[PDB]
Every structure is written in C-alpha cells, then in structure tokens.
Amino acid sequence: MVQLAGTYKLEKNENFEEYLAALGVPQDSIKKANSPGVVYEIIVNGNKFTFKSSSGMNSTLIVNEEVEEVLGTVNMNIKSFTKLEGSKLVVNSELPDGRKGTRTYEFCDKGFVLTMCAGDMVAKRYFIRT
C-alpha cells in the first residue's frame, strides 16, 4: 500500500564475477549465471520492502530477513541475511566455501544497487525501475 519510490527489476549486473571468482566459480559462465535479464523484483516503499530472484531459483524475501540460493550456471550455493538500515537495505552474504562477506543495497528510484565489499574481492549489481 505505501509508495516511497516504487519497484526495480534487474537490468544491470556487474562485478559478480569478482565475488564468484574469489569463491572459485568459472568467469565466462559467471557472466551467464549472474547476467542481467534475470527476473529480480525489489519493491521499496517505506513500510514495504521486498527483494526476490527468479533466475531458475524461486527465491523471495522481505524487510529484515534471510534466504538461501544455489544456482546451476553459477555453480555456487550461498546465503543472504537482509536487514534495513533506514534509507538503505543491507544483506550479509555468507559464502560457505570460506570467503564470507557483506552485501549492501542502496535506495534510489532510477536504480537500486547491490554492492558487496570484502578484503578478498568486491561485487556490485543494480536493479532499475520497472
């Protein structure tokens, strides 16, 4: 019901290759695996935040939650703990291979951006309005 800025689908993924390579996933498949054109849905509307992925996995979460997701092309099985830092969302992305890190998700209408930064590597991917 609330409307703050709207809903953003995945249009542009980048730098996923650097986390997924830090973990040991193949780069050319990585760019199919975390390519854009994948259905993601992030709704952000104050008393209403939602983020899903539909890339072959039916993965769907809300304000301050957790989710797990394994992907075939990414050959990677990882978990993600969302949390709401007011006018930005965060998700602690744990990598069970050992090189764990933190993703963060900025609030903007012309573009959501999900970046993680670890001391081992980084990864940033942006969901733009419907």
# chains A, B, ... in the order shown; residues from 1 in each chain; ligands from 1
$ closest_atom_pairs --of "region 2-36 of chain A" --to "region 47-67 of chain A" --cutoff "12 Å" --atoms "only C-alpha atoms" --output "Markdown table"
| residue | atom | partner | partner_atom | distance |
| --- | --- | --- | --- | --- |
| A:2 | CA | A:47 | CA | 6.4 |
| A:3 | CA | A:48 | CA | 8.2 |
| A:4 | CA | A:48 | CA | 8.9 |
| A:5 | CA | A:48 | CA | 10.6 |
| A:6 | CA | A:49 | CA | 9.8 |
| A:7 | CA | A:50 | CA | 9.0 |
| A:8 | CA | A:51 | CA | 9.3 |
| A:9 | CA | A:52 | CA | 9.4 |
| A:10 | CA | A:53 | CA | 8.9 |
| A:32 | CA | A:55 | CA | 10.6 |
| A:33 | CA | A:55 | CA | 8.5 |
| A:34 | CA | A:55 | CA | 8.7 |
| A:35 | CA | A:55 | CA | 9.6 |
| A:36 | CA | A:55 | CA | 9.6 |
$ write_last_selection --atoms "N, CA, C and O atoms" --output "PDB file, in the first residue's frame"
ATOM      1  N   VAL A   2       1.655   1.613   1.010  1.00  0.00           N
ATOM      2  CA  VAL A   2       2.710   2.660   0.895  1.00  0.00           C
ATOM      3  C   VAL A   2       3.414   2.641  -0.474  1.00  0.00           C
ATOM      4  O   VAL A   2       3.650   1.569  -1.045  1.00  0.00           O
ATOM      5  N   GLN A   3       3.758   3.834  -0.966  1.00  0.00           N
ATOM      6  CA  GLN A   3       4.555   4.083  -2.159  1.00  0.00           C
ATOM      7  C   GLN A   3       5.592   5.167  -1.791  1.00  0.00           C
ATOM      8  O   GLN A   3       5.216   6.281  -1.439  1.00  0.00           O
ATOM      9  N   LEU A   4       6.891   4.830  -1.791  1.00  0.00           N
ATOM     10  CA  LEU A   4       8.003   5.754  -1.475  1.00  0.00           C
ATOM     11  C   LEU A   4       8.805   6.083  -2.731  1.00  0.00           C
ATOM     12  O   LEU A   4       9.168   7.237  -2.945  1.00  0.00           O
ATOM     13  N   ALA A   5       9.084   5.060  -3.541  1.00  0.00           N
ATOM     14  CA  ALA A   5       9.900   5.181  -4.744  1.00  0.00           C
ATOM     15  C   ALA A   5       9.508   4.174  -5.841  1.00  0.00           C
ATOM     16  O   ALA A   5       9.585   4.521  -7.016  1.00  0.00           O
ATOM     17  N   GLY A   6       9.035   2.965  -5.498  1.00  0.00           N
ATOM     18  CA  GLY A   6       8.405   2.032  -6.447  1.00  0.00           C
ATOM     19  C   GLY A   6       8.983   0.616  -6.410  1.00  0.00           C
ATOM     20  O   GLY A   6       9.233   0.066  -5.331  1.00  0.00           O
ATOM     21  N   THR A   7       9.170   0.019  -7.597  1.00  0.00           N
ATOM     22  CA  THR A   7       9.765  -1.312  -7.777  1.00  0.00           C
ATOM     23  C   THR A   7      10.755  -1.332  -8.927  1.00  0.00           C
ATOM     24  O   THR A   7      10.515  -0.716  -9.968  1.00  0.00           O
ATOM     25  N   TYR A   8      11.845  -2.068  -8.734  1.00  0.00           N
ATOM     26  CA  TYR A   8      13.002  -2.135  -9.622  1.00  0.00           C
ATOM     27  C   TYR A   8      13.337  -3.581  -9.969  1.00  0.00           C
ATOM     28  O   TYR A   8      13.584  -4.394  -9.082  1.00  0.00           O
ATOM     29  N   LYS A   9      13.335  -3.913 -11.258  1.00  0.00           N
ATOM     30  CA  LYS A   9      13.735  -5.224 -11.769  1.00  0.00           C
ATOM     31  C   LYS A   9      15.242  -5.226 -12.125  1.00  0.00           C
ATOM     32  O   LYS A   9      15.840  -4.169 -12.343  1.00  0.00           O
ATOM     33  N   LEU A  10      15.917  -6.382 -12.165  1.00  0.00           N
ATOM     34  CA  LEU A  10      17.330  -6.419 -12.581  1.00  0.00           C
ATOM     35  C   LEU A  10      17.483  -6.072 -14.067  1.00  0.00           C
ATOM     36  O   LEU A  10      16.983  -6.805 -14.917  1.00  0.00           O
ATOM     37  N   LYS A  32      26.947 -15.504 -17.669  1.00  0.00           N
ATOM     38  CA  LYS A  32      25.608 -16.060 -17.943  1.00  0.00           C
ATOM     39  C   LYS A  32      24.808 -16.201 -16.631  1.00  0.00           C
ATOM     40  O   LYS A  32      23.612 -15.920 -16.558  1.00  0.00           O
ATOM     41  N   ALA A  33      25.502 -16.591 -15.567  1.00  0.00           N
ATOM     42  CA  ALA A  33      24.980 -17.026 -14.284  1.00  0.00           C
ATOM     43  C   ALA A  33      24.391 -15.892 -13.440  1.00  0.00           C
ATOM     44  O   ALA A  33      23.257 -15.972 -12.976  1.00  0.00           O
ATOM     45  N   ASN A  34      25.158 -14.817 -13.292  1.00  0.00           N
ATOM     46  CA  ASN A  34      24.736 -13.535 -12.742  1.00  0.00           C
ATOM     47  C   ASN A  34      24.634 -12.482 -13.868  1.00  0.00           C
ATOM     48  O   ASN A  34      24.820 -11.295 -13.624  1.00  0.00           O
ATOM     49  N   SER A  35      24.321 -12.878 -15.106  1.00  0.00           N
ATOM     50  CA  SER A  35      23.913 -11.907 -16.137  1.00  0.00           C
ATOM     51  C   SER A  35      22.681 -11.100 -15.679  1.00  0.00           C
ATOM     52  O   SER A  35      21.912 -11.591 -14.843  1.00  0.00           O
ATOM     53  N   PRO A  36      22.427  -9.895 -16.224  1.00  0.00           N
ATOM     54  CA  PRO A  36      21.121  -9.278 -16.099  1.00  0.00           C
ATOM     55  C   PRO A  36      20.085  -9.989 -16.979  1.00  0.00           C
ATOM     56  O   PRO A  36      20.319 -11.081 -17.499  1.00  0.00           O
TER      57      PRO A  36
END
$ closest_atom_pairs --of "region 23-60 of chain A" --to "region 121-130 of chain A" --cutoff "8 Å" --atoms "only C-alpha atoms" --output "JSON lines"
{"residue": "A:40", "atom": "CA", "partner": "A:127", "partner_atom": "CA", "distance": 7.5}
{"residue": "A:41", "atom": "CA", "partner": "A:127", "partner_atom": "CA", "distance": 8.0}
{"residue": "A:42", "atom": "CA", "partner": "A:127", "partner_atom": "CA", "distance": 7.4}
$ residues_around --residues "residue 98 (chain A)" --least-positions-apart "3" --cutoff "9 Å" --atoms "only C-alpha atoms" --output "list in words"
residues 23, 94 and 95 of chain A
$ closest_residue --among "A:112, A:39, A:19, A:44" --to "residue 100 (chain A)" --atoms "only C-alpha atoms"
A:19
$ closest_residue --among "A:120, A:86, A:91, A:75" --to "residue 25 (chain A)" --atoms "only C-alpha atoms"
A:75
$ closest_atom_pairs --of "region 13-98 of chain A" --to "region 102-106 of chain A" --cutoff "6 Å" --atoms "only C-alpha atoms" --output "JSON lines"
{"residue": "A:88", "atom": "CA", "partner": "A:106", "partner_atom": "CA", "distance": 4.7}
{"residue": "A:89", "atom": "CA", "partner": "A:105", "partner_atom": "CA", "distance": 4.8}
{"residue": "A:90", "atom": "CA", "partner": "A:104", "partner_atom": "CA", "distance": 4.0}
{"residue": "A:91", "atom": "CA", "partner": "A:103", "partner_atom": "CA", "distance": 5.0}
{"residue": "A:92", "atom": "CA", "partner": "A:102", "partner_atom": "CA", "distance": 4.4}
{"residue": "A:93", "atom": "CA", "partner": "A:102", "partner_atom": "CA", "distance": 5.2}
$ select_by_dssp --residues "region 5-93 of chain A" --states "helix (DSSP H, G or I)" --output "NGL selection string"
:A and (16-23 or 27-33)
$ select_by_dssp --residues "region 5-66 of chain A" --states "strand (DSSP E or B)" --output "VMD selection string"
chain A and resid 6 to 13 40 to 44 49 to 53 59 to 62 66
